[PDB]
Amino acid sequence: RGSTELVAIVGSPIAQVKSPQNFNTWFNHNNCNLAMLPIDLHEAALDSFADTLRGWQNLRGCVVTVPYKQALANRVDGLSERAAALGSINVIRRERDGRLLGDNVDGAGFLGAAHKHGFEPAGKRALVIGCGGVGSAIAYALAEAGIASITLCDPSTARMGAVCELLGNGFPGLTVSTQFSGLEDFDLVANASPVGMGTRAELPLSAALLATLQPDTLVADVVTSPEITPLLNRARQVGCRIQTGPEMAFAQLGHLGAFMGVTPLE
């Protein structure tokens, strides 16, 4: 245990995170001398933390969760192309020399789960509800994967316009829109908003729109609790394939580990 090499996950609060048991469970099952530990870091210590990471010689990497995805993107030494475009990371690899490299794999995680549900993005049409950190990562991953069309929804005009711009000038051969009157023509409908969370879970879409939901569509949600949101419950009742927040989170563990150099792509 004195010689165990480490990864970590940093955020605040941290007690709710599931990466540690998930990574450790895996570490144990394949007899790895590795462990993931949780770090609930106070925001005042961000700069100290980045510098501690550089000097932390037996640490391989560090997952980043709320609310430090943007803050740490700005404090690492290097960014992947997507991370740079998104302005946020959820994973850091520490090089042997101490350089911090960051990436954002929320998008890849989402695609991974989608693939298992038989969804191939090339040439399709998606609706992304929520233009936040996770929503932009998802839209951006869809675009890179060759989706034909992305339609966006967010009460925040500023954030919707920022994702319009990200996509518009990242992918000239991609049609973007913020206007639609039904769900009939989406191959994928993805909730990337907080709407759906918790024991009083609500729906991000009006009943009128939901009534237009078609069976052949994949309906996906990023929310982790409940696993089955009112959105997914209705989609399932209509016969759509559904993808859950836990599925997306789990499909990532595979990418986080590889970026940290601790787990294979799997």
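Heads up: residue numbers just count along the shown sequence, starting at 1.
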{"query": "Residue range whose averaged C-alpha B-factor is higher in the record, 136 to 144 or 175 to 183", "finding": "175 to 183"}
{"query": "Residue stretch of maximal mean CA temperature factor, 2 to 10 vs 256 to 264", "finding": "256 to 264"}
{"query": "Member of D97, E165, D106, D154 with the greatest C-alpha B factor (per the PDB record)", "finding": "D97"}
{"query": "Residue, from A220, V63, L53, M36, that the PDB entry assigns the highest Cα B-factor", "finding": "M36"}
{"query": "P226, C-alpha B-factor rank within chain (lowest, middle or highest third)", "finding": "middle"}
{"query": "Among modelled residues of the same chain, the CA temperature factor third for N191", "finding": "lowest"}
{"query": "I150 CA temperature factor, ranked by third within the chain", "finding": "lowest"}
{"query": "Relative C-alpha B-factor of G78, binned into the chain's lowest, middle or highest third", "finding": "highest"}
{"query": "For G118, the third of its chain into which the C-alpha B factor falls", "finding": "highest"}
